[PDB]
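Contents: one structure, followed by commentary.
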Amino acid sequence: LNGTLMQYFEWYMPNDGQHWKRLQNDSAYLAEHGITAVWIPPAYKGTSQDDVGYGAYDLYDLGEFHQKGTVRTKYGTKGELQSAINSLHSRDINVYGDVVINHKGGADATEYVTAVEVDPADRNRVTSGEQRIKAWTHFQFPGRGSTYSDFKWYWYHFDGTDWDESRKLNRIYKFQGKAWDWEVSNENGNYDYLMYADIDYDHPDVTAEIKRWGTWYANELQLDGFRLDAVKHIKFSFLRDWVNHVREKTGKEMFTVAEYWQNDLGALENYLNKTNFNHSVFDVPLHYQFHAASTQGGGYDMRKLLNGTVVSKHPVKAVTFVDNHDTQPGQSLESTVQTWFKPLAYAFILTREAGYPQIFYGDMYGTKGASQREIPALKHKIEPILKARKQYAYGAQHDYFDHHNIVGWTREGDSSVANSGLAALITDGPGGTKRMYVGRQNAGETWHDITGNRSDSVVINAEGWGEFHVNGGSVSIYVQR
Ligand SMILES: [Ca+2]
Ligand SMILES: [Ca+2]
Ligand code: NA
Ligand code: NA
């Protein structure tokens with residue numbers, strides 16, 4: 001009954017075109033270990049074969065047309081992806097497609113465009129007179145032609161770009177007659193501009209087309225939902241309308257989670273309010289608390305984990321996570337949760353009652369960057385925690401955040417899941433004990449640490465309490481033998 005998401009990629013995976021086939025082959029393992037949905041990387045053609053997918057050259061080329069030096073995307077062909085989805089669906093695993101609609105990269109040709117420079121620290125401030133630039137804005141899709149969509153893109157579908165090809169210069173340019181979209185993040189004055197050619201969501205043909213593409217994408221891949229990329233750079237009312245639109249056209253629930261990247265609960269709450277709470281967000285503040293705890297050597301106050309997070313205020317709209325493709329080593333938002341702490345963080349997201357937790361491919365299987373700081377494969381340490389969630393993390397919760405280091409929580413179990421109930425402890429410093437209440441209904445049961453970190457049994461007393469142990473900088477999750 002508990003649902004668990006997996007982000008099924010990391011940044012540095014090899015460009016061998018076998019990822020979709022790998023996903024197909026992993027479907028039995030995923031289903032067996034309690035994964036109920038996967039977020040797949042962007043499935044459409046990027047600026048090159050080795051694009052992770054955020055380039056977003058051609059949204060209608062799912063590895064089907066010979067464009068940018070390749071038919072396949074990094075991850076494989078359309079047919080291979082459709083087969084992977086078919087295998088996942090046969091095991092009741094839902095699939096969330098990544099939606100990259102902030103920008104378009106890798107335009108087929110430049111156009112001459114009149115523009116002004118803007119201050120990268122305050123994009124509302126103009127820093128030049130008008131000048132003629134060569135911007136990468138013409139999309140003709142020569143390998144695809146009009147198959148699926150005859151929509152062509154031109155400079156006037158965008159607000160701006162970061163590159164003038166004529167002078168060969170990297171600045172933020174705003175096109176003549178354009179205005180940055182609102183509402184977006186107010187960072188850098190207005191954070192509409194991020195990268196490549198920035199889509200103009202004031203343009204009514206653009207809003208219609210991105211909506212029409214959304215339905216097409218959902219149909220083509222039989223998606224159950226979406227992950228929205230870079231949403232702090234995209235007109236909030238448009239994202240609301242897009243989600244409603246696709247739900248209306250498909251007639252499906254289409255669970256959606258947006259990546260609004262800001263370590264700030266208030267900003268996230270503003271985004272939720274302005275999108276009418278129609279979709280979830282990733283719990284970025286919780287990720288930064290995990291990173292903080294993992295880097296402070298026991299000095300972190302573990303009590304802080306209960307506050308300042310999306311999951312603490314809006315649990316039904318929080319997708320909780322430990323690390324992702326932006327926070328992994330070497331990447332643009334690097335804030336990796338250190339390996340020693342990582343299982344403790346997974347206990348926090350997987351065994352507590354609030355939030356929709358997500359497991360990271362890079363944590364399960366390791367990351368394949370070129371550094372000596374890559375995340376090691378932690379599958380074996382995460383699996384017992386996944387099993388705790390799947391089989392034991394049910395029923396009423398009791399919190400014990402009553403200590404700088406050793407914090408814990410229990411779950412009483414639910415009569416709908418036989419033998420359910422658990423008692424979790426984590427500590428960023430010295431180990432020790434904590435007595436916790438697991439429910440009088442569990443009186444006299446013998447519980448053991450499903451992680452194997454502690455080998456002692458705990459017998460629950462008549463009053464429903466057990467004396468639970470945890471090792472230094474460790475995690476233990478006791479459940480009925
Ligand atoms: Ca934008
Ligand atoms: Ca605009
Ligand atoms: Na824009
Ligand atoms: Na601490």
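In listed order, ligands and their atoms are each counted from 1. By convention here, the first residue in the shown sequence is residue 1. Side chains are part of it too, since the values below use all heavy atoms of this structure and drop only hydrogens, waters and symmetry mates.
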Mind checking whether the Na ion (ligand 4) has an N, O or S of [X] under 3.0 Å?
X	answer
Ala293	no
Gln296	no
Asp428	yes

Do any of the N/O/S atoms of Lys178, backbone or side chain, fall under 3.0 Å from the Ca ion (ligand 2)?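 Under 3.0 Å: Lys178 has no N, O or S contact with the Ca ion (ligand 2).
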Measuring to the Ca ion (ligand 2), does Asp181 have an N/O/S atom at a distance below 3.0 Å? yes
Should [X] and [Y] count as an ion pair when the cut-off is N to O under 4.0 Å?
X	Y	answer
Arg303	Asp402	no
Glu64	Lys45	no
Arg171	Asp162	no

Does any N, O or S atom of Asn102, backbone or side chain, fall under 3.0 Å from the Ca ion (ligand 1)? yes
Separation of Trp213 CH2 from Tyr44 OH (nearest 0.5 Å):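 Here the rounded value is 4.5 Å.
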How far apart are the C-alpha atoms of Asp229 and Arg227, what are their side-chain angles, what is the distance that settles it, and do they pass the salt bridge (charged side-chain N to carboxylate O under 4.0 Å, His left out) test? CA-CA 6 Å; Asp229 182 58; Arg227 179 272 190 182; 2.9 Å; yes
Nearest N/O/S atom of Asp200 with respect to the Ca ion (ligand 2), by atom name, please. OD1
Modelled atom types, side-chain donor and acceptor of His279 and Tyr271, under 3.5 Å: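 Result is yes, a qualifying pair exists.
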Flag side-chain contact, heavy atom, 4.5 Å: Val52 against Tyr75: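 Sidechains of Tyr75 and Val52: in contact.
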Per residue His233, nearest N, O or S atom to the Ca ion (ligand 1) is named O
Per residue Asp198, nearest N, O or S atom to the Ca ion (ligand 1) is named OD1
Would you give the angle at the Ca ion (ligand 2) between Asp202 atom OD2 and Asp159 atom OD1, to the nearest 10°? 150°
Which single N/O/S atom of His404 lies at minimum distance from the Na ion (ligand 4)? O
Given OD1 of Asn405 on one side and O of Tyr300 on the other, what angle do they make at the Na ion (ligand 4), to 10°? 140°
I need the single residue from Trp39, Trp242, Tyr96 that forms a ring pair (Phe, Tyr, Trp, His ring centres under 6.0 Å) with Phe226. Which is it?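 When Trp39, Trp242, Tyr96 are each tested with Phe226, the ring pair (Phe, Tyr, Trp, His ring centres under 6.0 Å) holds only for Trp242.
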